[PDB]
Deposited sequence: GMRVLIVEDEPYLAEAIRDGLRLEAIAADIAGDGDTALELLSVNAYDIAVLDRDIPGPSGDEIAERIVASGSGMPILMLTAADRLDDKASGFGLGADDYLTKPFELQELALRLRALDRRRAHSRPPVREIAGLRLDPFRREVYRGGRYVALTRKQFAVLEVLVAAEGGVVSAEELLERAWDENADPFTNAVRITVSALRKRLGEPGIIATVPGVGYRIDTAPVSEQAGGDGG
């Protein structure tokens, strides 16, 4: 079977999709808003995300962006009233794998879900090591079971270090992966963020400097 997430803020439509797919071995969870969608993604694995664009809270576009950035490789189908060519351009630009406009035919949605699921490949990024557990959908961190509040940028840097599994990551790579490609900050922004991150995580030290190279999670 298949498990899919339906993010759609018109409730009778979302329920009709879930209901219409169920006996064809596609089990769907429904989120009526962006915050609920992130809550579901933080705890459940899905085969496909079906995303409305205009929803309360964080938009379907922001959900898509977080899915792509999480490196799960979960395919994204946008299902939306935004039907202009400009809308398709921005949707595919955000990382959608398919784009279906309303009004739509349920059996076409089903055919496209099956086609997406067939061509999904793999290795999800490591998000847990050395007593740290990271959740990229809520941007939350627990260290030995204790919630640690971090800023967005602190979390982005910690994510890269944890994904590296104890391996070394240079300041230049942290720059590339945690600041936008069209940004060009200097390495001092990275070193300053690492210092703040260390202070948030507390003792004992868990991020090690490797002189002249970069930083690693101390395993």
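- If you line the structure up with the deposited chain, the stretches without a C-alpha atom are 122, 221 to 232.
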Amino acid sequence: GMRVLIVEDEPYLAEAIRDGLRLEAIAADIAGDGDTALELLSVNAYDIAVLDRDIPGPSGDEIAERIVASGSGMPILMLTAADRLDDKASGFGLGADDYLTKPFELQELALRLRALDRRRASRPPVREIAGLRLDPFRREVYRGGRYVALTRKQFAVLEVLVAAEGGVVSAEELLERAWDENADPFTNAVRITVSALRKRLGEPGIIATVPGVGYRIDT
From here on, numbers count along this sequence of modelled residues.
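- Per the PDB record, of the two stretches 30 to 38 and 171 to 179, 171 to 179 carries the greater mean B-factor over its C-alpha atoms.
- Higher mean CA B-factor, judged across 19 to 27 and 200 to 208 from the recorded values: 200 to 208.
- Residues shown: 102, 88, 120, 112. Highest C-alpha temperature factor in the entry: 120.
- Residue-level temperature factors show residue 125 in the highest third of its chain, judged at the C-alpha atom.
- Among the modelled residues of its chain, residue 151 has a C-alpha B-factor that falls in the lowest third, as given in the PDB entry.
- Ranked against the other modelled residues of its chain, the C-alpha B-factor of residue 131 as given in the entry falls in the highest third.
- Residue-level temperature factors show residue 193 in the lowest third of its chain, judged at the C-alpha atom.
- When the modelled residues of the chain are ordered by their C-alpha B factor, residue 52 lands in the lowest third.
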